[PDB]
């Protein structure tokens, strides 16, 4: 059946905004996963998981009699899709169970792992999500094998359909670089937002870059991908060597024996894939990656053998039974156990990417320090496994259960506890009046609160106005934030704050984080008053101010908006059309198409554009909260044409006189072109819609102001 995507493959796609509807979710509208989890008997679940480790099923027998390696890999792949550029991927939504991730080549036979966990999932039902269960199982595998974890938080709610993530443009699994849809250009520069070297891989190619078995060049890829997953050199080394202390790879025969991945398999496969024609197709005969490497002399127990082997032998290039490049220890005895036959032993083996930990000079220093000080290695690995598996969970307030680590970690973007009375409704009214008496304008107030709140992204639940990080490096210097204007607003709000707090007794005080947001609310109220209308903008106090030392400047850099169509901002010239980037921003803000539409139209007329641009400011009463944007956008009296100077700017002229009435960007005019967006704009541009527009604007403004408010969830 031919579809709209076939006819118009470059038309803007809005379905990414209308994912995660109550239509596809089986749980009732009222279901609250945190509440269900909080009642789970987590200790019972962990007992069941421990039992499972050595309960081998014949349809996928356990290596060494212990599923722990398989499960650590499962948990590591669940978390390992995470990209810092957009916060997408990661373990927090359980997306490993859906397309495409359930069928990525690097996820081969993790279908079997997941199926092993169905009886437990079934037994505890809604009180433990698959998303949580996958991480918990990895933890229990570690514990079962003698490694003490740093802790565990529940609270990842399950999702019910695939997310729309850009995973690259290649049309071939595992395609090497430089093809027609290459994710690399220049001197091996990976395109943002990607964090893997090939389509369908988690990070890097275990044989080496584009298959070339060079550990030194492989290190470069490892460093770059892992940095794009928020991991530094120490964390990277700890995770790779820690992981590879356990289990084995699977490459017992040629890859051509492996059949269809799960999404391609027959209905009778019942959701599994990669069925293999090689010998028994499983166990001793398994084929997953094609590599045949067992790293340590005790693959089912924590040890210090990984670095003992890495440094204690010289390594020779060889091939697995499937023809894959890997490494064998020169002159070594057969000291590695076989996974199934007690009478067979094997020489130590390594991947190319394992040898990178020794042959890259900066990794070599860390690895040697871990070899000499295994307690340092064990602590680094524990910490990095916690980070790996919680990096997309958001503020600590979302962390559930009895194993949450008390230690506050910098990567959590921590927010201090509030320890004083909060402002009440009378105080909020007093502060809004002081703010409006100061001389700050509607445009300034709205722009500043928007700058502060709109850093939030739902993908990894980072950002937002909590913390008052807008006052700190690097937010305060971001171009989109208008650093000089912002400094002036903040100075005035800081003096309001200081004066209010100085007059209180008790310990009541207002945070600057709250005051920024409240001031934005005063600006939206005043804008409604400018339009002749009473309005009340909801405000919830309780944000705190984080310090500079609680704000990792390098980590915060991925939150910088380089495109923000809500402020008609584009930092540079991109390949992707600006309206595409607006929908991507809308998705990160968790907005539906209607919310995106009302929000942008209001921001326009309130003066939120960067640089005071008149692009899309379709009103003759700027700083008044009206539906002017939509009424004027849809007026057929105006004709639109791209300028000579710039094809991404448009001039709107009176159709009869030729006179210039407005200018706009693609972000502006898409509302008058896209057939679904223009249907939305029509509702808000109708003569019966001024009250609707204000009500809907205030609701979405409030939504944005509270996106990070998990302390009120």
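Numbering follows the first chain given and starts at 1.
Colleague: May I ask you to compare 548 to 556 and 565 to 573 by their mean CA B factor in the entry and name the higher one?
Modeller: Higher of the two, by average CA B-factor, is 565 to 573.
Colleague: In the PDB record, does 695 to 703 or 17 to 25 carry the higher mean Cα temperature factor?
Modeller: The stretch with the larger average C-alpha B-factor is 17 to 25.
Colleague: Out of 143, 261, 392, 187, which shows the largest CA B-factor listed in the entry?
Modeller: Answer for 143, 261, 392, 187: 187, with the highest C-alpha B-factor.
Colleague: Per the entry's Cα B factor values, which of 507, 299, 94, 119 stands out as the maximum?
Modeller: The listed residue with the largest C-alpha B-factor is 507.
Colleague: Residue 340: which third of its chain by C-alpha temperature factor?
Modeller: Middle third of the chain for residue 340's C-alpha B-factor.
Colleague: Comparing residue 37 with the other modelled residues of its chain, is its CA B-factor in the lowest, middle or highest third?
Modeller: Within its chain, residue 37 is a middle-third residue by C-alpha B-factor, going by the deposited values.
Colleague: Among the chain's modelled residues, which third holds the C-alpha B-factor of residue 674?
Modeller: Answer is middle: the recorded C-alpha B-factor places it there.
Colleague: Select lowest, middle or highest to describe the third in which the CA B-factor of residue 196 falls within its chain in this entry.
Modeller: Residue 196: CA B-factor falls in the lowest third of its chain.
Colleague: Using the B-factor values recorded in the entry, state whether the Cα atom of residue 583 falls in the lowest, middle or highest third among the modelled residues of its chain.
Modeller: For residue 583, whose C-alpha B-factor we compare with every modelled residue in the chain, the answer is the middle third.
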